[PDB]
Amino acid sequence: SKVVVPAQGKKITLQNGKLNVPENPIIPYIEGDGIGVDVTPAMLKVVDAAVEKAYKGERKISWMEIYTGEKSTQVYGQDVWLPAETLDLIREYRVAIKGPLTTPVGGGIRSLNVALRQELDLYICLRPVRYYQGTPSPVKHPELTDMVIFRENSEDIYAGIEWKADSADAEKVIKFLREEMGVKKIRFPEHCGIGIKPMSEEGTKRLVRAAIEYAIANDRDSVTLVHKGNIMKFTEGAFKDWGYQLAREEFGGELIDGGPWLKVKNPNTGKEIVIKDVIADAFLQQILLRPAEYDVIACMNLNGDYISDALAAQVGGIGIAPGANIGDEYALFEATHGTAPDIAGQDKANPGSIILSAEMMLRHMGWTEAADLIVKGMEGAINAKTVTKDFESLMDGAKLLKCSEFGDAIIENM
């Protein structure tokens, strides 16, 4: 009802598991709450300049605004936070991008971000983290981090299965656990909240399959399965076991020395990709202490959330970290920072995150020249120290730029 389909423009289709992208594709975008009003226009302008320059006017995106969050309640009414129409429109047009979203508190509504991921079965949360020269960073050697996180995006405790302390449902679950399952390790069964952590073999193998195919297609050096399997043996530990099994079953993984690491030969470059694993708390230490030993990471949902955020902080990229939520049919690229309502509408926010998520979107569309121009633009603008306040306030000798002006600096550096 309130979305306007572009007059000129054509739908991306999926044929034989490969995207068929017209020269004039219609792309849905969600503005986002808070600073989405600042960073989305800068992203639209930057992507259009990269597309214009790369293909000399032969290609152009027909942007189509669709709605989720606050703007959805203002477009569609009172408690329309995620209209059914928005899910149908991402499904129909296949590839979409969104600014930051916040979920309201007090109404029993679960994460709108997670609802989009789960309902569109976007089981890969893909977070590439590398350092942009010139970025103010808290660590001494941020340039040693160049990692790509494949975070499982459909299962784990992150899935929202739980019951409130003292509710009839939590008491019913606890009674089943103690009485029927013989659980003796709930320390205090009264006034006790209960959450369920699921992790399946199929969910594990499609995420690790995507991570190993990515290490092959991009000639990366290794895939590290990060898990807390010494405590959670049957969810985290099983993720790790199924990840190694998949590498053996489908990628001809061979044992290195006495194990447990495997080597997978890259079919195209002959490089031996190491498949290894690290327990998650030690891994949060290793990304700081030995960052150059890690590359592609495959992990479960909650650990992926933590790892991506800790890595983005260490390279100074908390406001420029790109992300994608990819499934087999659909894909939703996203700004990964918060809504920052304190500066919203002030044209101050860093648009770097949603712009690099748009670079990821263009590369997913096969438009790699336009994607390469955005990386080049971000490269040059940050290296030039012509940056937004969140960077400039941590450094000396930078030229402070508004959000819109930094979008211009990126175009200038293409």
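Just count from 1 along the sequence shown to find any residue number.
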Looking at the deposited entry, does 111-119 or 267-275 carry the larger mean Cα B-factor? 267-275
As stated in the PDB record, which stretch has the larger average Cα B-factor, 328-336 or 154-162? 154-162
Going by the CA temperature factor in the entry, name the top one among 180, 281, 309, 213. 180
According to the deposited entry, which of 147, 82, 199, 223 has the largest Cα B-factor? 82
Ranked by Cα temperature factor within the chain, is residue 92 in the lowest third, the middle third or the highest third? highest
Chain thirds of CA B-factor: placement of residue 204: lowest
Sorting by Cα B-factor within the chain, modelled residues only, which third would residue 7 end up in: lowest, middle or highest? highest
Residue 175 CA temperature factor, ranked by third within the chain: highest
By the record's CA B-factor, is residue 71 among the lowest, middle or highest third of residues in the chain? highest
